[PDB]
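Participant: Got a structure for you, questions after.
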Amino acid sequence: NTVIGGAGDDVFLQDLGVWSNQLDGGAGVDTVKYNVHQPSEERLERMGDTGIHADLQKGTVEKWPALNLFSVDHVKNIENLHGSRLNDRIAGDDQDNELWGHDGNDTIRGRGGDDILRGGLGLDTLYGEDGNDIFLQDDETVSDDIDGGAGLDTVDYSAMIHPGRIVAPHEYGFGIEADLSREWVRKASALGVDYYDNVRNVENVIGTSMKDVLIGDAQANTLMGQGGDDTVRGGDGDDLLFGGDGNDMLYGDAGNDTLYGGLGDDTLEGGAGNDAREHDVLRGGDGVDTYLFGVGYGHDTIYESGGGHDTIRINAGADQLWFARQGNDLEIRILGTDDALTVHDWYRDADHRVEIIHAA
Amino acid sequence: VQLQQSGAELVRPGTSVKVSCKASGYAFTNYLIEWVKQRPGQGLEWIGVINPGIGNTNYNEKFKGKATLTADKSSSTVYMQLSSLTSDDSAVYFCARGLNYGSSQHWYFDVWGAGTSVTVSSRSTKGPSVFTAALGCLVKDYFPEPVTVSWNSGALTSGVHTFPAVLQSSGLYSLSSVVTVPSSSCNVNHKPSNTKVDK
Amino acid sequence: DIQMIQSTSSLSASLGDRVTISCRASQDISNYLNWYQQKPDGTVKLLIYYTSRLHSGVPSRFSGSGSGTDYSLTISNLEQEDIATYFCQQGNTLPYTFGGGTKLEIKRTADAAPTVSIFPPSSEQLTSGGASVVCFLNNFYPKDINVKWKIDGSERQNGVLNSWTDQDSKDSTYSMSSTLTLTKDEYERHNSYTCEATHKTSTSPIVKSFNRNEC
Amino acid sequence: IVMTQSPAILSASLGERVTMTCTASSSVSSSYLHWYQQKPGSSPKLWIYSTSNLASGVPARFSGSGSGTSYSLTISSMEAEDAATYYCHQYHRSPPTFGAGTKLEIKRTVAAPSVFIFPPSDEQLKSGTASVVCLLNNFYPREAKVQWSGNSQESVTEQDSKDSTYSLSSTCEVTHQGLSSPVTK
Amino acid sequence: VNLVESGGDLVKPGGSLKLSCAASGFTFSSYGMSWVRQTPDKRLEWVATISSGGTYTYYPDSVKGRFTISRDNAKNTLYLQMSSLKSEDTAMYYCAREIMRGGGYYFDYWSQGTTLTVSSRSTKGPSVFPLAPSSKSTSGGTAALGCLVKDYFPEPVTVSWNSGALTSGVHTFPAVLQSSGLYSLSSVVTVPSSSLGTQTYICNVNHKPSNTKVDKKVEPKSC
Ligand SMILES: [Ca+2]
Ligand SMILES: [Ca+2]
Ligand SMILES: [Ca+2]
Ligand SMILES: [Ca+2]
Ligand SMILES: [Ca+2]
Ligand SMILES: [Ca+2]
Ligand SMILES: [Ca+2]
Ligand SMILES: [Ca+2]
Ligand SMILES: [Ca+2]
Ligand SMILES: [Ca+2]
Ligand SMILES: [Ca+2]
Ligand SMILES: [Ca+2]
Ligand SMILES: [Ca+2]
Ligand SMILES: [Ca+2]
Ligand SMILES: [Ca+2]
Ligand SMILES: [Ca+2]
Ligand SMILES: [Ca+2]
Ligand SMILES: [Ca+2]
Ligand SMILES: [Ca+2]
């Protein structure tokens with residue numbers, strides 16, 4: 001039994017039968033799926049919860065691990081694999097793989113390349129390994145164990161909040177509460193019980209459409225709050241902070257950070273150096289945005305547009321403030337300090353201007 | 001259809017060993033090969049199974065890291081490594097033909113090899129010492145089993161009860177051979193020592 | 001670093017009273033303010049996190065409020081089990097600094113007169129070469145008490161060790177030990193030893209004496 | 001999944017009907033339950049496969065039945081050539097497991113042992129070693145008791161193909177079913 | 001949820017010590033854990049936090065370079081290795097579970113305290129002397145008696161009465177540092193005067209640093 005795919009994107013629905021099959025996806029991005037076929041009654045009796053043992057690098061999918069070593073799907077030029085509703089052991093190749101575990105407690109390792117791992121429902125152990133890998137998480141209270149490996153990796157919690165009924169609770173008003181500095185993510189919360197993922201070596205977090213708390217670690221992080229009024233703290237390192245829609249609060253902390261308030265009325269604070277080399281970029285975007293500045297913050301630059309009622313809050317008395325034009329920029333210095341807040345192109349036109357300052 | 005296994009192996013405690021299991025008389029890549037361990041006077045313990053077509057393997061959890069199976073399709077032969085040998089590994093190792101790649105599958109072991117004797121020990125080759133009614137002999141100390149005991153050049157074979165050898169605490173072997181004789185009215189041979197004693 | 005200042009180090013309040021403990025941060029801590037209770041036996045328990053959120057199992061008479069730099073812990077109906085030291089803590093930025101703590105004691109609704117006992121040096125201690133005269137003042141309130149030692153009528157100050165028990169968790173009274181330590185030779189050169197206690201409950205001091213030569 | 005066979009030793013006279021059982025800790029399918037026969041010095045041979053099917057060359061007096069957790073092997077008429085150890089084997093789930101085995105022996109009229117002692121040889125005592133040998137000859141049943149502690153090693157022969165007796169040696173009070181009272185020698 | 005601390009001891013200045021914390025009742029590997037210490041002035045100070053996977057460790061400036069927090073998730077244990085210890089490190093050391101909520105951190109569950117004493121003074125076991133009841137300690141149907149636990153180092157000692165059968169009316173005072181550098185305390189119990197002739201009173205003293213176990217029987221003074 002042989003199957004050769006075309007030059008386009010092909011999808012092969014593979015059963016858990018006992019025969020040996022040859023699969024060649026050919027050109028294009030091709031997927032084998034093992035979650036559409038209903039596992040037979042004899043296999044459920046003799047295999048139990050054990051699913052498939054798949055190795056794209058070895059080019060074999062074992063459909064009856066241990067019990068029937070003949071029952072092997074030999075694959076080549078297949079980039080993506082979807083597991084069974086049972087406990088699977090899935091390993092990609094050095095190419096970009098999409099590896100879905102679906103139901104059951106699956107162990108998935110992507111090997112090299114930029115892989116997309118989705119454990120699905122169940123107690124999943126996910127290794128991104130080399131490359132820039134993405135972990136797609138799902139609406140569930142069961143814990144997952146994520147290791148990004150080397151490279152710039154991303155855990156994505158968009159699917160926590162979806163249309164229809166949501167299984168996992170979110171009774172504190174938050175979608176997820178992610179702390180890369182402590183290596184866990186609170187994916188769900190109820191009165192008197194919390195549900196955590198173990199996340200290690202992952203640099204980036206994508207939030208939900210509800211309020212999220214995203215806290216980075218010492219590395220360069222990219223945190224995207226998405227919808228809802230989010231709270232984002234980058235920690236040390238040069239971070240990239242995205243508020244998205246809603247009224248967000250973005251804190252770059254130490255390092256040279258870049259803050260994108262996005263739509264809505266956002267509060268942007270570049271932070272202060274932990275120890276001169278502290279330059280933060282604050283782009284509040286559209287809406288009425290508030291920029292925080294103080295002693296020890298260094299040299300931060302605001303980029304504004306739309307010419308609204310954006311405000312600046314400086315932790316210093318009004319008589320400590322010193323305004324100077326620099327080219328086309330307005331430069332607000334705190335007397336006695338080397339700290340300076342620059343509004344980019346303030347003198348070019350009204351759209352770039354910020355004209356309200358709250359002082360201490 | 002037969003499975004030819006390797007010969008008896010006597011090796012030092014810390015070493016490793018390969019045993020072979022050559023197949024013949026059937027489509028080699030259409031039957032799984034399984035391996036079973038049997039200690040002297042003990043039951044049957046499953047080691048693991050190999051698919052000779054692809055090299056796929058599965059092991060008993062208690063033999064993972066100790067046993068390793070490989071197959072050579074050109075020679076129709078299956079091998080097994082034993083690593084970090086221990087006195088608890090001295091046993092007889094069988095290879096058996098298992099699952100068929102076909103429509104009728106029942107997972108029985110229909111053809112068994114003769115077995116490869118693996119005895120691991122720190123002792124070296126040593127020669128035996130020899131010490132109505134009933135008379136007998138006594139073979140006190142020898143390590144490389146076995147010995148053959150005959151009485152009066154084999155002309156006497158009635159009433160003879162040669163006992164199975166026993167492993168004494170020192171690492172060598174001993175046994176006793178006895179003949180029942182009328183009240184009115186002994187050749188030992190050890191090959192690895194080249195010692196023949198008549199008394 | 002961020003400094004947490006609790007202006008009150010110790011306070012006393014009555015049962016059923018409303019008690020407020022204040023905390024002040026040197027910077028804005030964005031409501032990340034927590035309160036901890038340390039019972040006299042040393043065990044530490046979390047009462048409130050995030051300014052006003054009550055930990056599981058915490059009685060509802062505990063409450064928290066504040067913002068920016070000013071924060072308050074409030075006990076609405078003071079109960080006898082609430083004798084403890086209360087610490088605030090900011091969880092905003094490293095290092096996670098604690099306030100100095102506020103020891104809370106019960107303001108008893110009645111004073112209690114001390115009962116005074118005196119123990120001469122043990123025969124075992126004298127045999128071993130030491131001498132300690134122990135004065136035991138028991139079940140009194142308020143805690144303030146003065147003890148004066150006299151040896152043959154002359155006041156002795158050096159070598160006096162004073163110790164107080166924590167406020168009795170049930171009686172709300174205090175106990176005290178005053179130990180006069182002497183060289184064994186000096187103790188056996190004098191005869192009269194007096195412990196004098198002055199307490200609010202009497203204008204005349206309590207005099208407890210023994211004579212070394214009188215059994 | 002965990003195979004338990006009963007009994008450990010099964011004694012049967014010639015012509016007697018024999019039944020040994022094999023139970024599993026969990027339900028196994030009849031298709032994946034097999035029996036093997038092993039005699040000393042030989043490899044196991046497939047005897048009954050899939051609960052009730054005889055392998056090649058197996059006499060028709062053998063049969064097997066069972067389902068779920070309870071399986072059995074039956075001989076309708078004991079023969080001397082049947083004396084061996086029988087292992088049941090499940091491959092319903094991996095890993096496959098064997099039973100402990102049932103040793104089928106020939107039952108015989110009770111035969112008392114013959115006891116003999118052998119003092120250490122003067123040839124042996126030249127090396128400073130003393131080994132005393134006690135011999136039990138042509139006895140049935142196999143169960144015996146030999147005491148002289150910790151300074152002896154026992155050894156018993158196979159069941160004799162002719163008179164179905166055993167012979168035991170210990171290197172001497174002997175207790176046996178044929179002896180109305182322990183015999184000392 | 002349970003945290004059991006251990007390892008406190010006396011160490012000379014510049015020495016090392018490792019504390020342990022056994023966790024139970026929760027998924028240990030999902031939580032950041034912390035150590036907090038309390039100095040003799042009752043002030044509390046955070047000294048270490050470790051991430052749930054052990055990758056990140058955080059320290060205040062006062063212990064950086066000297067303290068190492070570590071964890072064995074397989075053994076549900078948290079450790080704090082200390083080196084180059086100074087007198088300022090003398091404290092009660094607690095292990096606590098760290099929680100983050102809404103962007104801020106707190107410690108929701110604590111162990112009890114373990115005592116670290118940094119001093120060059122040598123360990124000394126106490127002498128236990130009976131404070132006999134007498135007419136000078138008896139008034140109004142109540143008699144006071146006790147035990148003097150004198151001249152020991154370091155802290156602490158534990159005192160019980162009649163092997164824990166007498167827990168009411170017990171006044172075990174805080175130890176006082178004498179000018180000799182050694183500690184001393186008394187435990188005084190109030191009993192009915194009627195019981196002095198028919199009830200035996202024994203104080204039990206434990207000084208684990210010196211492995212001192214003493215049961216002193218306190219007899220009434222008769223005239
Ligand atoms: Ca294709
Ligand atoms: Ca392809
Ligand atoms: Ca799965
Ligand atoms: Ca890959
Ligand atoms: Ca990868
Ligand atoms: Ca899954
Ligand atoms: Ca999952
Ligand atoms: Ca990676
Ligand atoms: Ca990474
Ligand atoms: Ca969000
Ligand atoms: Ca947002
Ligand atoms: Ca960061
Ligand atoms: Ca940063
Ligand atoms: Ca926004
Ligand atoms: Ca910054
Ligand atoms: Ca905005
Ligand atoms: Ca704006
Ligand atoms: Ca800055
Ligand atoms: Ca604007």
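Identifiers in this document derive from the order of the structure tokens: chains are assigned A, B, ..., residues are numbered from 1 separately in each chain, and ligands are numbered from 1 in order of occurrence.
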How would you report the residues lying within 9 Å of ligand 5, as a count of residues only, if you count only C-alpha atoms and all ligand atoms?

Facilitator: 27

Participant: Find the residues in chain E near chain A: any atom within 10 Å counts, using only C-alpha atoms. Write them as an MDAnalysis selection string.

Facilitator: chainID E and resid 27 29:33 49:58 98:104

Participant: Around ligand 17, out to 12 Å and counting only C-alpha atoms and all ligand atoms, which residues are there? I want them as a PyMOL selection string.

Facilitator: chain A and resi 247+260-268+282-291+302-312+351-355

Participant: To one decimal place in Å, what is the distance between atom CA of residue 58 of chain C and atom CA of residue 45 of chain C?

Facilitator: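 So the answer is 9.5 Å.
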
Participant: Excluding same-chain residues fewer than 4 positions from residue 192 of chain E, what lies within 10 Å of it counting only C-alpha atoms, as a ChimeraX atom specification?

Facilitator: /E:138-144,196,199

Participant: Grab the residues selected above and save them as a PDB file, in the first residue's frame with N, CA, C and O atoms.

Facilitator:
```pdb
ATOM      1  N   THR E 138       4.863  30.333  98.299  1.00  0.00           N
ATOM      2  CA  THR E 138       3.522  29.791  98.463  1.00  0.00           C
ATOM      3  C   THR E 138       2.626  30.841  99.100  1.00  0.00           C
ATOM      4  O   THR E 138       2.959  31.386 100.156  1.00  0.00           O
ATOM      5  N   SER E 139       1.493  31.120  98.459  1.00  0.00           N
ATOM      6  CA  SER E 139       0.514  32.044  99.012  1.00  0.00           C
ATOM      7  C   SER E 139      -0.851  31.747  98.407  1.00  0.00           C
ATOM      8  O   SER E 139      -0.963  31.521  97.200  1.00  0.00           O
ATOM      9  N   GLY E 140      -1.875  31.740  99.255  1.00  0.00           N
ATOM     10  CA  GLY E 140      -3.254  31.620  98.805  1.00  0.00           C
ATOM     11  C   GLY E 140      -3.609  30.331  98.096  1.00  0.00           C
ATOM     12  O   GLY E 140      -4.359  30.358  97.112  1.00  0.00           O
ATOM     13  N   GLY E 141      -3.099  29.198  98.575  1.00  0.00           N
ATOM     14  CA  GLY E 141      -3.389  27.920  97.964  1.00  0.00           C
ATOM     15  C   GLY E 141      -2.595  27.607  96.717  1.00  0.00           C
ATOM     16  O   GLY E 141      -2.753  26.513  96.162  1.00  0.00           O
ATOM     17  N   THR E 142      -1.745  28.522  96.260  1.00  0.00           N
ATOM     18  CA  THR E 142      -0.924  28.321  95.077  1.00  0.00           C
ATOM     19  C   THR E 142       0.545  28.311  95.471  1.00  0.00           C
ATOM     20  O   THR E 142       0.995  29.154  96.254  1.00  0.00           O
ATOM     21  N   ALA E 143       1.287  27.351  94.926  1.00  0.00           N
ATOM     22  CA  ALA E 143       2.723  27.250  95.127  1.00  0.00           C
ATOM     23  C   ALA E 143       3.435  27.433  93.794  1.00  0.00           C
ATOM     24  O   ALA E 143       3.000  26.899  92.768  1.00  0.00           O
ATOM     25  N   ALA E 144       4.521  28.199  93.812  1.00  0.00           N
ATOM     26  CA  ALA E 144       5.359  28.398  92.639  1.00  0.00           C
ATOM     27  C   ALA E 144       6.640  27.591  92.799  1.00  0.00           C
ATOM     28  O   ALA E 144       7.276  27.629  93.857  1.00  0.00           O
ATOM     29  N   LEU E 196       1.722  19.519  96.753  1.00  0.00           N
ATOM     30  CA  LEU E 196       3.169  19.487  96.944  1.00  0.00           C
ATOM     31  C   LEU E 196       3.633  18.194  97.603  1.00  0.00           C
ATOM     32  O   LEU E 196       4.754  17.738  97.351  1.00  0.00           O
ATOM     33  N   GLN E 199       2.202  15.029  94.602  1.00  0.00           N
ATOM     34  CA  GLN E 199       2.470  15.092  93.171  1.00  0.00           C
ATOM     35  C   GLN E 199       3.947  15.386  92.956  1.00  0.00           C
ATOM     36  O   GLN E 199       4.469  16.374  93.483  1.00  0.00           O
TER      37      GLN E 199
END
```

Participant: Can you list every residue in chain E that DSSP puts in helix (DSSP H, G or I), as a PyMOL selection string?

Facilitator: chain E and resi 28-30+87-89+135-137+162-164+193-197+208-210

Participant: Write as a VMD selection string the residues around ligand 10, taking 9 Å as the cut-off and counting only C-alpha atoms and all ligand atoms.

Facilitator: chain A and resid 158 174 to 176 206 to 214 224 to 231 243 to 246 248

Participant: Selection from above, N, CA and C atoms, as a CSV table (one decimal), in the first residue's frame, can you write it?

Facilitator:
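What ended up in selection.csv:
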```
chain,number,residue,atom,x,y,z
A,158,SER,N,-3.9,32.3,22.8
A,158,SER,CA,-5.1,32.8,22.2
A,158,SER,C,-6.4,32.0,22.4
A,174,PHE,N,-9.0,37.4,34.9
A,174,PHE,CA,-7.8,37.3,34.0
A,174,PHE,C,-7.9,36.2,33.0
A,175,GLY,N,-7.4,36.3,31.8
A,175,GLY,CA,-7.2,35.2,30.9
A,175,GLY,C,-6.1,34.3,31.4
A,176,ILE,N,-4.8,34.7,31.2
A,176,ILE,CA,-3.7,34.0,31.8
A,176,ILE,C,-2.9,35.0,32.6
A,206,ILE,N,2.1,35.3,24.0
A,206,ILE,CA,0.9,35.9,23.4
A,206,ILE,C,-0.3,35.7,24.3
A,207,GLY,N,-0.9,36.8,24.8
A,207,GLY,CA,-2.0,36.7,25.7
A,207,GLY,C,-3.3,36.3,25.1
A,208,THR,N,-4.4,36.5,25.8
A,208,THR,CA,-5.8,36.2,25.4
A,208,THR,C,-6.5,37.5,25.1
A,209,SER,N,-7.8,37.4,24.8
A,209,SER,CA,-8.6,38.6,24.6
A,209,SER,C,-9.1,39.2,25.9
A,210,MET,N,-9.0,38.5,27.0
A,210,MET,CA,-9.3,39.1,28.3
A,210,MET,C,-8.1,39.8,28.9
A,211,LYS,N,-8.3,40.4,30.1
A,211,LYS,CA,-7.2,41.0,30.8
A,211,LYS,C,-6.1,39.9,31.1
A,212,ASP,N,-4.9,40.2,30.8
A,212,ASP,CA,-3.8,39.3,31.1
A,212,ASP,C,-2.7,40.0,31.9
A,213,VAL,N,-2.0,39.2,32.7
A,213,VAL,CA,-0.7,39.6,33.3
A,213,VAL,C,0.4,38.9,32.6
A,214,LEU,N,1.3,39.6,32.0
A,214,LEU,CA,2.5,39.1,31.3
A,214,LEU,C,3.7,39.7,31.9
A,224,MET,N,2.8,40.2,24.1
A,224,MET,CA,1.7,40.8,23.4
A,224,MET,C,0.4,40.5,24.2
A,225,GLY,N,-0.2,41.6,24.8
A,225,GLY,CA,-1.3,41.4,25.6
A,225,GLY,C,-2.6,41.1,24.8
A,226,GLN,N,-2.7,41.6,23.6
A,226,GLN,CA,-3.9,41.4,22.8
A,226,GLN,C,-5.1,42.2,23.4
A,227,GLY,N,-6.3,41.6,23.2
A,227,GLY,CA,-7.5,42.3,23.7
A,227,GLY,C,-7.5,42.4,25.2
A,228,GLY,N,-8.3,43.3,25.7
A,228,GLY,CA,-8.5,43.5,27.1
A,228,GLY,C,-7.5,44.4,27.8
A,229,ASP,N,-7.7,44.9,29.0
A,229,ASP,CA,-6.8,45.8,29.7
A,229,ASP,C,-5.7,44.9,30.3
A,230,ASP,N,-4.6,45.0,29.7
A,230,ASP,CA,-3.5,44.1,30.1
A,230,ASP,C,-2.4,44.8,31.0
A,231,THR,N,-1.7,44.0,31.8
A,231,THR,CA,-0.6,44.4,32.6
A,231,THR,C,0.6,43.6,32.2
A,243,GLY,N,0.7,46.2,23.8
A,243,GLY,CA,-0.5,46.3,24.6
A,243,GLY,C,-1.7,45.7,23.8
A,244,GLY,N,-1.8,46.0,22.5
A,244,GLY,CA,-2.9,45.6,21.7
A,244,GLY,C,-4.1,46.5,22.0
A,245,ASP,N,-5.3,46.0,21.8
A,245,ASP,CA,-6.5,46.7,22.1
A,245,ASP,C,-6.8,46.8,23.6
A,246,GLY,N,-7.5,47.7,24.0
A,246,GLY,CA,-7.8,47.9,25.4
A,246,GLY,C,-6.9,48.9,26.1
A,248,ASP,N,-4.1,49.5,28.4
A,248,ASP,CA,-3.0,48.6,28.9
A,248,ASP,C,-2.0,49.4,29.7
```

Participant: Listing only residues of chain C within 7 Å of chain E, what is the closest atom pair and its distance in Å (to one decimal) for each, using only C-alpha atoms, sorted by chain and residue number ascending, as JSON lines?

Facilitator:
```
{"residue": "C:32", "atom": "CA", "partner": "E:104", "partner_atom": "CA", "distance": 5.3}
{"residue": "C:34", "atom": "CA", "partner": "E:106", "partner_atom": "CA", "distance": 6.7}
{"residue": "C:43", "atom": "CA", "partner": "E:112", "partner_atom": "CA", "distance": 5.8}
{"residue": "C:44", "atom": "CA", "partner": "E:110", "partner_atom": "CA", "distance": 6.3}
{"residue": "C:45", "atom": "CA", "partner": "E:109", "partner_atom": "CA", "distance": 6.7}
{"residue": "C:46", "atom": "CA", "partner": "E:108", "partner_atom": "CA", "distance": 5.6}
{"residue": "C:49", "atom": "CA", "partner": "E:106", "partner_atom": "CA", "distance": 6.8}
{"residue": "C:91", "atom": "CA", "partner": "E:105", "partner_atom": "CA", "distance": 4.4}
{"residue": "C:92", "atom": "CA", "partner": "E:104", "partner_atom": "CA", "distance": 5.2}
{"residue": "C:95", "atom": "CA", "partner": "E:60", "partner_atom": "CA", "distance": 5.7}
{"residue": "C:96", "atom": "CA", "partner": "E:46", "partner_atom": "CA", "distance": 6.4}
{"residue": "C:97", "atom": "CA", "partner": "E:45", "partner_atom": "CA", "distance": 6.7}
{"residue": "C:98", "atom": "CA", "partner": "E:44", "partner_atom": "CA", "distance": 6.1}
{"residue": "C:100", "atom": "CA", "partner": "E:43", "partner_atom": "CA", "distance": 5.7}
{"residue": "C:117", "atom": "CA", "partner": "E:137", "partner_atom": "CA", "distance": 4.4}
{"residue": "C:118", "atom": "CA", "partner": "E:136", "partner_atom": "CA", "distance": 5.9}
{"residue": "C:119", "atom": "CA", "partner": "E:131", "partner_atom": "CA", "distance": 6.1}
{"residue": "C:122", "atom": "CA", "partner": "E:130", "partner_atom": "CA", "distance": 6.4}
{"residue": "C:124", "atom": "CA", "partner": "E:129", "partner_atom": "CA", "distance": 6.3}
{"residue": "C:125", "atom": "CA", "partner": "E:129", "partner_atom": "CA", "distance": 6.2}
{"residue": "C:161", "atom": "CA", "partner": "E:176", "partner_atom": "CA", "distance": 6.9}
{"residue": "C:163", "atom": "CA", "partner": "E:173", "partner_atom": "CA", "distance": 6.3}
{"residue": "C:164", "atom": "CA", "partner": "E:173", "partner_atom": "CA", "distance": 6.3}
{"residue": "C:165", "atom": "CA", "partner": "E:173", "partner_atom": "CA", "distance": 5.5}
{"residue": "C:215", "atom": "CA", "partner": "E:223", "partner_atom": "CA", "distance": 6.6}
```

Participant: Considering only C-alpha atoms, state which residue in the set D:20, D:48, D:12, D:28 is at the smallest distance from chain A.

Facilitator: D:28

Participant: Let's see if you can do this: from backbone DSSP, list all strand (DSSP E) residues in segment 9-146 of chain E, as a PyMOL selection string.

Facilitator: chain E and resi 10-11+17-24+33-38+44-50+57-58+67-72+77-82+91-101+104-110+114-118+127-131+138-139+142-146

Participant: At what distance in Å, to one decimal, does atom CA of residue 142 of chain B lie from atom CA of residue 118 of chain D?

Facilitator: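 These atoms are spaced 20.8 Å apart.
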